[PDB]
$ cat entry.tsv   # TSV, C-alpha atoms and all ligand atoms
chain	number	residue	atom	x	y	z
I	2	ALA	CA	6.72	-13.99	17.43
I	3	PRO	CA	8.69	-13.85	14.09
I	4	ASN	CA	12.41	-14.65	13.97
I	5	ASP	CA	13.40	-11.90	11.50
I	6	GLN	CA	16.45	-9.82	12.51
I	7	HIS	CA	14.74	-6.39	12.59
I	8	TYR	CA	11.20	-7.25	13.70
I	9	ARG	CA	11.90	-5.55	17.11
I	10	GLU	CA	12.22	-2.24	15.22
I	11	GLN	CA	8.75	-2.63	13.75
I	12	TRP	CA	6.90	-1.04	16.74
I	13	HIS	CA	3.98	-0.46	14.39
I	14	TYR	CA	3.11	-4.18	14.36
I	15	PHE	CA	3.07	-4.69	18.14
I	16	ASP	CA	3.53	-1.63	20.35
I	17	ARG	CA	0.93	0.54	22.19
I	18	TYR	CA	-0.24	2.42	19.08
I	19	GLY	CA	0.62	-0.41	16.69
I	20	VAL	CA	-1.84	-2.57	14.76
I	21	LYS	CA	-1.72	-5.56	17.16
I	22	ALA	CA	-0.70	-7.82	14.27
I	23	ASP	CA	1.21	-10.04	16.77
I	24	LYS	CA	-2.04	-10.77	18.69
I	25	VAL	CA	-3.54	-12.22	15.49
I	26	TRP	CA	-0.49	-14.31	14.46
I	27	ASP	CA	-0.93	-15.78	18.01
I	28	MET	CA	-4.33	-17.11	16.85
I	29	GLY	CA	-2.84	-18.62	13.68
I	30	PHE	CA	-4.09	-16.09	11.14
I	31	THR	CA	-1.43	-14.62	8.82
I	32	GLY	CA	-3.58	-13.97	5.73
I	33	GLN	CA	-3.14	-17.46	4.19
I	34	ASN	CA	-4.71	-17.76	0.71
I	35	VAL	CA	-5.30	-13.99	0.52
I	36	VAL	CA	-4.00	-11.93	-2.40
I	37	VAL	CA	-3.32	-8.20	-2.07
I	38	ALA	CA	-2.58	-6.06	-5.10
I	39	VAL	CA	-0.24	-3.11	-4.73
I	40	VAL	CA	-0.86	-0.36	-7.27
I	41	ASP	CA	2.46	1.52	-6.94
I	42	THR	CA	6.03	1.86	-8.41
I	43	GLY	CA	6.38	-1.87	-8.97
I	44	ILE	CA	8.49	-4.44	-7.19
I	45	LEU	CA	12.17	-5.11	-6.42
I	46	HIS	CA	13.80	-8.57	-6.71
I	47	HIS	CA	14.45	-8.57	-2.96
I	48	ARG	CA	15.38	-11.64	-0.92
I	49	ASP	CA	12.84	-10.51	1.72
I	50	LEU	CA	10.00	-10.14	-0.84
I	51	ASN	CA	10.59	-12.68	-3.69
I	52	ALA	CA	8.76	-15.64	-2.14
I	53	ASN	CA	5.62	-13.64	-1.33
I	54	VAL	CA	5.34	-11.92	-4.73
I	55	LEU	CA	3.00	-13.25	-7.43
I	56	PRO	CA	3.04	-12.45	-11.13
I	57	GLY	CA	1.92	-8.89	-11.72
I	58	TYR	CA	1.77	-6.44	-14.60
I	59	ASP	CA	3.29	-3.14	-15.63
I	60	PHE	CA	0.62	-0.65	-16.60
I	61	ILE	CA	2.89	2.29	-17.30
I	62	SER	CA	2.19	3.45	-20.90
I	63	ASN	CA	4.69	6.33	-21.23
I	64	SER	CA	8.18	4.83	-21.67
I	65	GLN	CA	9.76	8.00	-20.23
I	66	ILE	CA	7.97	7.29	-16.95
I	67	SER	CA	8.50	3.52	-17.10
I	68	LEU	CA	12.27	3.69	-17.77
I	69	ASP	CA	12.30	0.12	-19.13
I	70	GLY	CA	12.15	0.94	-22.84
I	71	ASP	CA	8.49	0.18	-23.65
I	72	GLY	CA	4.85	0.77	-22.63
I	73	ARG	CA	2.68	-1.85	-20.93
I	74	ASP	CA	4.47	-5.15	-20.39
I	75	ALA	CA	4.30	-8.19	-18.14
I	76	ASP	CA	7.28	-7.33	-15.91
I	77	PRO	CA	6.34	-5.09	-12.90
I	78	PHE	CA	10.02	-4.64	-11.88
I	79	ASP	CA	10.63	-1.28	-10.27
I	80	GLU	CA	13.33	0.16	-12.52
I	81	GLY	CA	13.76	3.02	-10.03
I	82	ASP	CA	11.93	6.33	-10.33
I	83	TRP	CA	15.05	8.44	-9.66
I	84	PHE	CA	15.45	11.69	-11.50
I	85	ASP	CA	18.10	14.42	-12.06
I	86	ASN	CA	18.01	18.04	-13.14
I	87	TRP	CA	14.28	18.90	-12.66
I	88	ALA	CA	13.15	16.02	-14.94
I	89	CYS	CA	9.80	15.90	-13.10
I	90	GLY	CA	10.30	19.16	-11.29
I	91	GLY	CA	9.31	22.81	-11.19
I	92	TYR	CA	12.64	24.44	-12.08
I	93	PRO	CA	14.26	26.32	-10.44
I	94	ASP	CA	12.95	24.91	-7.11
I	95	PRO	CA	15.97	23.25	-5.38
I	96	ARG	CA	13.68	20.83	-3.48
I	97	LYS	CA	12.34	19.64	-6.88
I	98	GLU	CA	15.78	19.30	-8.60
I	99	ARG	CA	16.45	15.62	-7.85
I	100	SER	CA	15.23	12.54	-5.99
I	101	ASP	CA	16.91	9.24	-5.51
I	102	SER	CA	14.64	6.33	-6.41
I	103	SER	CA	11.92	5.85	-3.80
I	104	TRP	CA	11.48	2.03	-3.98
I	105	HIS	CA	8.03	3.08	-2.74
I	106	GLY	CA	6.06	0.04	-4.01
I	107	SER	CA	8.50	-2.38	-2.42
I	108	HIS	CA	8.40	-0.48	0.89
I	109	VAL	CA	4.61	-0.74	0.71
I	110	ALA	CA	4.66	-4.43	-0.40
I	111	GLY	CA	6.95	-5.28	2.53
I	112	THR	CA	4.52	-3.78	5.03
I	113	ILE	CA	1.83	-6.14	3.73
I	114	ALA	CA	3.72	-9.38	3.11
I	115	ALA	CA	7.50	-9.29	3.56
I	116	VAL	CA	8.92	-12.81	3.85
I	117	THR	CA	8.63	-13.46	7.59
I	118	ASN	CA	10.34	-16.24	9.63
I	119	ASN	CA	13.21	-16.50	7.15
I	120	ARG	CA	15.60	-14.84	9.65
I	121	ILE	CA	16.78	-11.94	7.41
I	122	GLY	CA	15.26	-8.47	7.49
I	123	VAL	CA	11.65	-7.79	8.49
I	124	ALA	CA	8.08	-9.09	8.96
I	125	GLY	CA	4.85	-8.26	7.09
I	126	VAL	CA	1.42	-7.63	8.68
I	127	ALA	CA	-0.05	-10.49	6.62
I	128	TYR	CA	3.02	-12.67	5.91
I	129	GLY	CA	0.91	-15.70	4.85
I	130	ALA	CA	-0.70	-13.63	2.11
I	131	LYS	CA	0.75	-12.98	-1.35
I	132	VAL	CA	1.28	-9.66	-3.21
I	133	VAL	CA	0.51	-8.86	-6.84
I	134	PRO	CA	2.60	-5.89	-8.04
I	135	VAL	CA	0.63	-3.59	-10.31
I	136	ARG	CA	3.26	-1.15	-11.52
I	137	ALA	CA	1.55	2.17	-12.39
I	138	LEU	CA	4.09	4.74	-11.12
I	139	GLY	CA	7.59	5.53	-12.29
I	140	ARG	CA	9.67	8.66	-12.90
I	141	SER	CA	7.34	11.61	-12.07
I	142	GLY	CA	4.43	9.53	-10.89
I	143	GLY	CA	1.90	8.01	-13.27
I	144	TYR	CA	-1.19	8.55	-15.41
I	145	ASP	CA	-4.60	8.18	-13.73
I	146	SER	CA	-5.83	5.91	-16.55
I	147	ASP	CA	-2.83	3.59	-15.94
I	148	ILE	CA	-3.77	3.56	-12.23
I	149	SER	CA	-7.50	2.96	-13.00
I	150	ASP	CA	-6.76	0.20	-15.55
I	151	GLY	CA	-4.30	-1.30	-13.06
I	152	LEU	CA	-6.77	-1.43	-10.18
I	153	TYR	CA	-9.52	-2.98	-12.35
I	154	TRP	CA	-7.10	-5.71	-13.53
I	155	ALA	CA	-5.99	-6.15	-9.91
I	156	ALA	CA	-9.52	-7.28	-9.03
I	157	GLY	CA	-9.93	-9.66	-12.00
I	158	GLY	CA	-11.14	-7.17	-14.61
I	159	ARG	CA	-10.14	-7.95	-18.17
I	160	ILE	CA	-8.16	-5.23	-20.03
I	161	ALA	CA	-7.60	-4.94	-23.81
I	162	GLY	CA	-4.39	-6.73	-24.88
I	163	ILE	CA	-3.34	-7.70	-21.35
I	164	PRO	CA	-3.50	-11.40	-20.35
I	165	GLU	CA	-6.13	-12.22	-17.70
I	166	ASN	CA	-5.09	-11.94	-14.07
I	167	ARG	CA	-4.55	-15.47	-12.65
I	168	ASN	CA	-4.30	-13.90	-9.18
I	169	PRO	CA	-7.23	-11.48	-8.70
I	170	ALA	CA	-6.90	-9.68	-5.39
I	171	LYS	CA	-9.35	-9.49	-2.52
I	172	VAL	CA	-7.63	-6.28	-1.32
I	173	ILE	CA	-6.14	-3.55	-3.50
I	174	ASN	CA	-3.66	-1.17	-1.89
I	175	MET	CA	-3.40	2.33	-3.34
I	176	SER	CA	-0.62	4.23	-1.59
I	177	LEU	CA	-1.04	7.18	-3.98
I	178	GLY	CA	-3.13	10.15	-5.02
I	179	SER	CA	-3.14	13.80	-6.00
I	180	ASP	CA	-5.25	16.97	-5.76
I	181	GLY	CA	-8.73	17.18	-7.31
I	182	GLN	CA	-12.03	15.29	-7.22
I	183	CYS	CA	-12.37	11.65	-8.18
I	184	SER	CA	-12.49	11.32	-12.00
I	185	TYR	CA	-15.43	9.58	-13.73
I	186	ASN	CA	-13.09	6.88	-15.02
I	187	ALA	CA	-11.47	6.28	-11.60
I	188	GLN	CA	-14.82	6.07	-9.80
I	189	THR	CA	-16.03	3.66	-12.44
I	190	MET	CA	-13.00	1.33	-12.10
I	191	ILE	CA	-13.25	1.44	-8.31
I	192	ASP	CA	-16.94	0.51	-8.46
I	193	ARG	CA	-16.20	-2.33	-10.89
I	194	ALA	CA	-13.32	-3.62	-8.73
I	195	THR	CA	-15.64	-3.49	-5.72
I	196	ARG	CA	-18.42	-5.29	-7.62
I	197	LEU	CA	-15.81	-8.04	-8.33
I	198	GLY	CA	-15.34	-8.44	-4.54
I	199	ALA	CA	-12.25	-6.28	-3.90
I	200	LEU	CA	-11.75	-3.83	-1.07
I	201	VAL	CA	-9.98	-0.69	-2.25
I	202	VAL	CA	-7.77	0.79	0.47
I	203	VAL	CA	-6.24	4.19	-0.23
I	204	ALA	CA	-3.95	6.79	1.35
I	205	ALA	CA	-5.51	10.01	2.72
I	206	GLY	CA	-2.52	11.98	1.38
I	207	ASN	CA	0.36	14.01	2.83
I	208	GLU	CA	-0.29	17.74	2.36
I	209	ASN	CA	-1.75	18.55	5.78
I	210	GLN	CA	-4.98	19.43	3.91
I	211	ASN	CA	-8.57	18.18	3.88
I	212	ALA	CA	-8.42	14.75	2.18
I	213	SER	CA	-11.79	15.53	0.54
I	214	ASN	CA	-9.73	17.88	-1.68
I	215	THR	CA	-7.91	14.82	-3.10
I	216	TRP	CA	-8.41	11.47	-4.85
I	217	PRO	CA	-8.76	8.54	-4.22
I	218	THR	CA	-10.29	9.66	-0.88
I	219	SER	CA	-13.12	11.71	-2.47
I	220	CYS	CA	-14.24	8.58	-4.38
I	221	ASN	CA	-17.08	6.37	-3.16
I	222	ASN	CA	-16.27	2.77	-2.25
I	223	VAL	CA	-12.77	3.28	-0.87
I	224	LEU	CA	-11.33	2.91	2.59
I	225	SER	CA	-9.24	6.04	3.23
I	226	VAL	CA	-6.36	5.80	5.69
I	227	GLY	CA	-4.75	8.54	7.80
I	228	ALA	CA	-1.31	8.42	9.43
I	229	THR	CA	-0.55	8.24	13.14
I	230	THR	CA	2.76	8.38	14.99
I	231	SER	CA	4.28	6.11	17.69
I	232	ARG	CA	2.54	8.44	20.23
I	233	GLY	CA	-0.91	7.74	18.73
I	234	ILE	CA	-1.62	11.22	17.36
I	235	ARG	CA	-1.96	12.57	13.81
I	236	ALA	CA	1.39	12.72	11.98
I	237	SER	CA	1.76	16.37	11.02
I	238	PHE	CA	1.70	15.82	7.26
I	239	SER	CA	-1.42	13.57	7.23
I	240	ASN	CA	-4.48	14.70	5.37
I	241	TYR	CA	-7.64	14.73	7.45
I	242	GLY	CA	-11.41	15.36	7.61
I	243	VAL	CA	-14.72	13.45	7.57
I	244	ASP	CA	-13.81	11.25	4.54
I	245	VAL	CA	-10.82	9.69	6.35
I	246	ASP	CA	-12.19	6.37	7.53
I	247	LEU	CA	-9.51	5.34	9.98
I	248	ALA	CA	-5.77	5.63	10.69
I	249	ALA	CA	-2.67	3.45	11.04
I	250	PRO	CA	1.07	3.89	11.80
I	251	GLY	CA	2.49	6.29	9.21
I	252	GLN	CA	5.77	7.44	10.75
I	253	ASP	CA	9.06	5.55	11.40
I	254	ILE	CA	7.78	2.55	9.43
I	255	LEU	CA	10.50	0.02	8.63
I	256	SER	CA	10.19	-2.00	5.43
I	257	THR	CA	11.98	-3.37	2.33
I	258	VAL	CA	13.79	-1.11	-0.16
I	259	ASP	CA	17.02	-1.10	-2.22
I	260	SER	CA	20.27	0.81	-1.51
I	261	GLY	CA	20.56	2.00	-5.14
I	262	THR	CA	20.13	5.75	-5.70
I	263	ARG	CA	19.19	5.20	-9.35
I	264	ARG	CA	18.73	1.52	-10.31
I	265	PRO	CA	18.62	-1.52	-8.00
I	266	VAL	CA	22.07	-2.38	-6.60
I	267	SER	CA	21.28	-4.39	-3.43
I	268	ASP	CA	18.56	-5.26	-0.93
I	269	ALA	CA	18.15	-2.77	1.91
I	270	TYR	CA	15.66	-1.75	4.62
I	271	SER	CA	14.67	1.80	5.55
I	272	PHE	CA	12.22	3.84	7.63
I	273	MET	CA	9.60	5.96	5.82
I	274	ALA	CA	6.80	8.37	6.85
I	275	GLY	CA	3.52	8.88	4.98
I	276	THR	CA	-0.12	7.89	4.67
I	277	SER	CA	1.47	5.60	2.02
I	278	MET	CA	3.03	3.57	4.92
I	279	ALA	CA	-0.23	3.60	6.89
I	280	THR	CA	-2.37	2.21	4.03
I	281	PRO	CA	-0.53	-1.15	3.68
I	282	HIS	CA	-1.05	-1.67	7.39
I	283	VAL	CA	-4.78	-1.57	6.79
I	284	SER	CA	-4.42	-3.73	3.66
I	285	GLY	CA	-2.39	-6.31	5.69
I	286	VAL	CA	-5.03	-6.29	8.47
I	287	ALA	CA	-7.74	-6.65	5.83
I	288	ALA	CA	-5.89	-9.82	4.67
I	289	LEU	CA	-5.63	-11.06	8.28
I	290	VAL	CA	-9.39	-10.45	8.78
I	291	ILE	CA	-10.14	-12.45	5.60
I	292	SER	CA	-8.00	-15.49	6.56
I	293	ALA	CA	-9.96	-15.66	9.83
I	294	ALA	CA	-13.26	-15.14	8.03
I	295	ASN	CA	-12.33	-18.04	5.70
I	296	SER	CA	-11.70	-20.30	8.71
I	297	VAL	CA	-15.33	-20.17	9.89
I	298	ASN	CA	-16.76	-20.46	6.34
I	299	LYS	CA	-17.67	-16.77	6.24
I	300	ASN	CA	-17.66	-14.71	3.06
I	301	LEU	CA	-17.19	-10.92	3.39
I	302	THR	CA	-18.14	-8.21	0.84
I	303	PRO	CA	-15.87	-5.15	0.48
I	304	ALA	CA	-18.64	-3.19	2.30
I	305	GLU	CA	-18.74	-5.76	5.14
I	306	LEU	CA	-14.93	-5.82	5.34
I	307	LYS	CA	-14.64	-2.01	5.43
I	308	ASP	CA	-17.25	-1.82	8.27
I	309	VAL	CA	-15.43	-4.58	10.25
I	310	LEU	CA	-12.15	-2.59	9.97
I	311	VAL	CA	-13.77	0.82	10.69
I	312	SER	CA	-15.83	-0.37	13.74
I	313	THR	CA	-13.05	-2.30	15.51
I	314	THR	CA	-10.39	0.47	15.70
I	315	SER	CA	-8.50	1.23	18.94
I	316	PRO	CA	-8.62	4.75	20.42
I	317	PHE	CA	-6.28	7.60	19.44
I	318	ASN	CA	-4.20	9.37	22.17
I	319	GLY	CA	-6.55	12.27	22.92
I	320	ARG	CA	-9.18	13.92	20.71
I	321	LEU	CA	-6.57	14.72	18.00
I	322	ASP	CA	-5.65	17.84	16.11
I	323	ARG	CA	-8.07	16.83	13.33
I	324	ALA	CA	-10.65	14.18	12.38
I	325	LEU	CA	-8.83	10.99	11.33
I	326	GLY	CA	-11.52	8.32	11.15
I	327	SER	CA	-12.74	6.09	13.97
I	328	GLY	CA	-9.37	5.09	15.47
I	329	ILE	CA	-6.19	3.16	14.73
I	330	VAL	CA	-6.70	-0.07	12.77
I	331	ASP	CA	-6.66	-2.96	15.22
I	332	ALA	CA	-6.12	-6.50	13.92
I	333	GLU	CA	-7.03	-8.16	17.24
I	334	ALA	CA	-10.49	-6.62	17.62
I	335	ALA	CA	-11.11	-6.91	13.86
I	336	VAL	CA	-10.33	-10.66	13.77
I	337	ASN	CA	-12.10	-11.25	17.10
I	338	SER	CA	-15.23	-9.62	15.65
I	339	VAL	CA	-15.54	-12.03	12.66
I	340	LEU	CA	-14.91	-15.25	14.65
C	401	CA	CA	7.18	-0.99	-20.08
C	402	CA	CA	8.25	-3.40	-16.97
C	403	CA	CA	12.22	-11.40	6.67
$ encode --input "entry.tsv" --output "structure tokens" --more "lines below"
Ligand SMILES: [Ca+2]
Ligand SMILES: [Ca+2]
Ligand SMILES: [Ca+2]
Amino acid sequence: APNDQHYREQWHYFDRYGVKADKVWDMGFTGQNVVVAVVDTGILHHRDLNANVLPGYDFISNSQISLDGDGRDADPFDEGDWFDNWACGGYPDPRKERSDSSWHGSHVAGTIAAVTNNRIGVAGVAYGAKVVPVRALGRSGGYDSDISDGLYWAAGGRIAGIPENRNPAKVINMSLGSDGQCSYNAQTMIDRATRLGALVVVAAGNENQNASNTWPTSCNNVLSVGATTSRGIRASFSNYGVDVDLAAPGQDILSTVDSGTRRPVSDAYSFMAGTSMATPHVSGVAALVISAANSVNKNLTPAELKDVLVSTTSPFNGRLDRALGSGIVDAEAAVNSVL
């Protein structure tokens, strides 16, 4: 077991309806030599992340989304996607007036590979793995073509006027999405990323609607992730349906953020809910599964990896409100299967 101060609060790693990450660390697999790309709001300079973060890239083209004064650049720092006075919003809706910065991509990155065994803060599912921040979201979200470009690069794809990725990822985490069917361009980048060897792991979404009505779930060649609670049932906001492949803890998830309401001020930790929190659990387990597959000289295709994760899930608590894949992702059964 990890020595980090607040690991006990991370029920989602160890408890009844957790991901049994502890049972894999017991075997010596922590995702060593695995790289996971996080296509999200970018990364904080956080004492509980720094050492597990690789060079990334900022794909945000609009400088009024990026909030760092230019388009695409080599620094994936999360400037903070805060906004005032309906700057992203449907005025006059009071619920759309203002958001503090989410630190979303850092909360996601922490779930995968927070610095673990360094006493401070929290653990990550795959703390021996490293994270490549692919910043594609900022104030208001992000363009789909920035997201698509970002995910292709994340897998080792070359992009015009961007230096080659030295750290191509075996797993690409997309804690994001919106309404509408998968675009041609998105589907194409996903297929190309997959042909490079990457597993694309995506959030089902948070609108209590059929995930098929959204992307990236409606795309081929993704692993779509629903959200469960500490009681092993569907979190009420989680999207659902036949295209949800499996589920993972998506409520009361503790990870790494900043205290700043606008720009980074100091390292913090908070709880979040969302299929966005569930996804990095599956991406971390994916990395665990790969480290174990490496150990017995076994190569796994994205298709093989997705089937290993989908077939080795633990049961839900009851038949569930809605369809939410095969079960809760289960690192113990997944790893045991490949050995
Ligand atoms: Ca920029
Ligand atoms: Ca930047
Ligand atoms: Ca820590």
$ atom_distance --input "entry.tsv" --atom1 "CA of residue 191 in chain I" --atom2 "CA of residue 136 in chain I"
17.0 Å
$ atom_distance --input "entry.tsv" --atom1 "CA of residue 217 in chain I" --atom2 "CA of residue 326 in chain I"
15.6 Å
$ atom_distance --input "entry.tsv" --atom1 "CA of residue 159 in chain I" --atom2 "CA of residue 60 in chain I"
13.1 Å
$ closest_atom_pairs --input "entry.tsv" --of "chain I" --to "ligand CA 403 (chain C)" --cutoff "6 Å" --atoms "only C-alpha atoms and all ligand atoms" --output "JSON lines"
{"residue": "I:5", "atom": "CA", "partner": "C:CA403", "partner_atom": "CA", "distance": 5.0}
{"residue": "I:49", "atom": "CA", "partner": "C:CA403", "partner_atom": "CA", "distance": 5.1}
{"residue": "I:116", "atom": "CA", "partner": "C:CA403", "partner_atom": "CA", "distance": 4.6}
{"residue": "I:117", "atom": "CA", "partner": "C:CA403", "partner_atom": "CA", "distance": 4.2}
{"residue": "I:118", "atom": "CA", "partner": "C:CA403", "partner_atom": "CA", "distance": 6.0}
{"residue": "I:119", "atom": "CA", "partner": "C:CA403", "partner_atom": "CA", "distance": 5.2}
{"residue": "I:120", "atom": "CA", "partner": "C:CA403", "partner_atom": "CA", "distance": 5.7}
{"residue": "I:121", "atom": "CA", "partner": "C:CA403", "partner_atom": "CA", "distance": 4.7}
{"residue": "I:122", "atom": "CA", "partner": "C:CA403", "partner_atom": "CA", "distance": 4.3}
{"residue": "I:123", "atom": "CA", "partner": "C:CA403", "partner_atom": "CA", "distance": 4.1}
{"residue": "I:124", "atom": "CA", "partner": "C:CA403", "partner_atom": "CA", "distance": 5.3}
$ residues_near_ligand --input "entry.tsv" --ligand "ligand CA 402 (chain C)" --cutoff "8 Å" --atoms "only C-alpha atoms and all ligand atoms" --output "list in words"
residues 58, 59, 61, 67, 69, 71, 72, 73, 74, 75, 76, 77, 78, 79, 80 and 136 of chain I
$ closest_residue --input "entry.tsv" --among "I:276, I:271, I:252, I:210" --to "residue 226 in chain I" --atoms "only C-alpha atoms"
I:276
$ residues_around --input "entry.tsv" --residues "residue 33 in chain I" --least-positions-apart "3" --cutoff "7 Å" --atoms "only C-alpha atoms" --output "list in words"
residues 129, 130 and 292 of chain I
$ closest_residue --input "entry.tsv" --among "I:64, I:239, I:231, I:300" --to "ligand CA 401 (chain C)" --atoms "all atoms listed in the file"
I:64
$ residues_around --input "entry.tsv" --residues "residue 104 in chain I" --least-positions-apart "4" --cutoff "9 Å" --atoms "all atoms listed in the file" --output "ChimeraX atom specification"
/I:42-45,79-82,108-109,257-259,265
$ residues_around --input "entry.tsv" --residues "residue 249 in chain I" --least-positions-apart "3" --cutoff "9 Å" --atoms "only C-alpha atoms" --output "PyMOL selection string"
chain I and resi 13+18-20+226-230+233+276+278-283+328-331
$ residues_near_point --input "entry.tsv" --point "(-19.5, -3.4, 3.7)" --cutoff "12 Å" --atoms "all atoms listed in the file" --output "list in words"
residues 195, 196, 198, 199, 200, 201, 222, 223, 224, 300, 301, 302, 303, 304, 305, 306, 307, 308, 309, 310, 311 and 312 of chain I
$ residues_near_point --input "entry.tsv" --point "(-14.4, 6.0, -10.8)" --cutoff "12 Å" --atoms "only C-alpha atoms" --output "JSON, numbers by chain"
{"I": [145, 146, 148, 149, 150, 152, 153, 182, 183, 184, 185, 186, 187, 188, 189, 190, 191, 192, 193, 194, 195, 201, 216, 217, 218, 219, 220, 221, 222, 223]}
